[PDB]
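**Student:**
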Amino acid sequence: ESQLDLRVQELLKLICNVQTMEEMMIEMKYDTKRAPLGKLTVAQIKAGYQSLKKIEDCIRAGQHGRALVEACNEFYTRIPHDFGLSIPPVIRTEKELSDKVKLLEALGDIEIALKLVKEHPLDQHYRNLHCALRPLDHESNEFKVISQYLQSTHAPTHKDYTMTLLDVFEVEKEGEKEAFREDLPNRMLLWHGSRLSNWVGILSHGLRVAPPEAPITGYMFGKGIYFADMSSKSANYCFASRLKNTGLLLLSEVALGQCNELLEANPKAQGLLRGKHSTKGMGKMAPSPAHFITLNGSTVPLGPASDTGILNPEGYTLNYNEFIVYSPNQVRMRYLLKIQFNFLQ
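Residues 207 to 324, 331 to 557 (the entry's author numbering) make up the sequence shown, in order.
(1) Would you tell me roughly how many angstroms separate the C-alpha atoms of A452 and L378, rounded to the nearest one?
(2) Nearest CA to the CA of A319: which residue from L258, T283, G418?
(3) In angstroms, rounded to a whole number, what distance separates the CA positions of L396 and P368?
(4) Residues in its own chain within less than 6 Å of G459 by CB, not counting five upstream and five downstream?
(5) Mind checking which residues open and close the alpha helix (DSSP H) that includes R272?
(6) Could you compute how far the alpha carbon of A241 sits from the alpha carbon of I221?
(7) When the Cα of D288 is compared with those of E233, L523, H332, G271, which residue comes out closest?
(8) Going along the chain, which unbroken runs of the alpha helix (DSSP H) with 4 or more residues stay wholly within the segment 344 to 368?
(9) Would you please state the rounded distance, in angstroms, between the beta carbons of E317 and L246? I believe it to be under 8 Å.
(10) Rounded to the nearest angstrom, what separates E382 and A344 at their Cα positions?
(11) Could you spell out the range, first to last residue, of the alpha helix (DSSP H) harbouring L309?
(12) How would you write the range of the alpha helix (DSSP H) that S539 sits in, first residue to last?
(13) Do you know whose CA, among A426, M432, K385, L401, lies nearest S416's CA?
(14) Pairs of beta-carbons, one from the segment 297 to 315 and one from the segment 331 to 349, closer than 8 Å: are there three or more?
(15) Looking only at C-alpha atoms, which of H350, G521, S443, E228 sits nearest to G495?
(16) Determine the DSSP secondary structure at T247, reduced to helix, strand or coil.
(17) Taking the CB atoms as reference points, tell me whether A426 and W403 lie closer together than 8 Å.
(18) Is it buried or exposed for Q542, if we count other Cβ within 10 angstroms and need 16 for buried?
(19) Ends of the beta strand (DSSP E) at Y338?
(20) Given a threshold of 16 other Cβ atoms within 10 Å of its Cβ, counted over all protein chains shown, does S443 qualify as buried or as exposed?
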């Protein structure tokens, strides 16, 4: 047996659970039976990404014929889906590419998590993370602020639930402090959400960019790292349910520097930086600078969401801001919130 504060123990038991990992993939229509997760290799994943590209190639060239059909078959073979008896859908839209990209991303973290769950077990894992998780003093000013930011930036559009801050752990990933690069302006504390089973991979490898094999059009603003100034915008990525009532969302410092403001999506946005250090999807609603506060050197956009005045002259107007940096060194994980979702029914 071994010891770590009970909170850190709870947290690990939550994100290390192999069952939940299985559950998550199944819930994503992934065939764990015909393709056991325990046998999933990093090479297989890279294979899937390439199949998608080929599919993106067809969609790109308007080839919705045999060319496409063969590409999907290849991919569905590479990444087995469980549709029961139903006939698999022929991927032929960007939105769907985007979903399959998120599936491969999850598999990538499952691969990582398992390759890590191999001297008390939890204590052993905590080490393998090379990431410090010190529980936070629920009386600290940090806590009060994290809580205020969390609630004050819960977007109106997301009322199908409520959030109760169970606990907060301060994160300290090896090497981020040093590499962070404090020279850039717009140093913000932003949200980032993800499913439970993803957290082991995020903690050990940190948040990272999409692979070069991946289809570019499966990324709203290119292969970068995404953040939001609205707690709920991110919490939706937890895909927590009434049974999976507990989820985790991360809060980290992002050196935005000069932002290249964009009204609408663009997978190729990274190319348009030309000096600016990040892309900003201009949302129709966001915190007001007048309500900003500073915490340990980073600006906290907590002010209740207000109208920004942005309005696409012809087209869809993004609801909330979208932030993207294309280099890990522009990110430094700080706090990891343990949240309990209270749905309505």
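Ideal Cβ placement from N, Cα and C applies to all residues, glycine included.
**Tutor:** Quick answer:
(1) Going by the C-alpha atoms only, they are around 15 Å apart.
(2) For the options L258, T283, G418, the alpha carbon positioned closest to that of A319 is the one of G418.
(3) For the pair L396 and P368, the Cα-to-Cα distance works out to about 31 Å.
(4) Excluding residues within five positions, the ones whose Cβ falls inside 6 Å are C450, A452, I551.
(5) Going by DSSP, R272 is part of the alpha helix (DSSP H) stretching over 272 to 284.
(6) If you draw a straight line from the Cα of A241 to the Cα of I221, it is about 22 Å long.
(7) Of the candidates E233, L523, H332, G271, the one whose C-alpha sits nearest the C-alpha of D288 is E233.
(8) Listed in chain order, they are 353 to 364.
(9) The pair is a contact, with the Cβ atoms about 5 Å apart (cut-off 8 Å).
(10) The C-alpha of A344 is placed about 8 Å away from the C-alpha of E382.
(11) That run of the alpha helix (DSSP H) goes 300 to 320.
(12) Segment: none, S539 is in no alpha helix (DSSP H) and carries neither H nor E.
(13) When each option's Cα is compared against that of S416, the closest is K385.
(14) The segment 297 to 315 makes no contact with the segment 331 to 349, as fewer than three CB pairs between them are under 8 Å.
(15) Residue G521 is the option with its Cα nearest to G495.
(16) Here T247 carries a coil assignment [DSSP, helix/strand/coil].
(17) Cβ atoms of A426 and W403: not closer than 8 Å.
(18) Within a 10 Å sphere around the beta-carbon of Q542 sit 16 or more other beta-carbons, which makes this residue buried.
(19) In the DSSP assignment, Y338 falls outside any beta strand (DSSP E) and lies within the alpha helix (DSSP H) extending over 333 to 340.
(20) It counts as buried.
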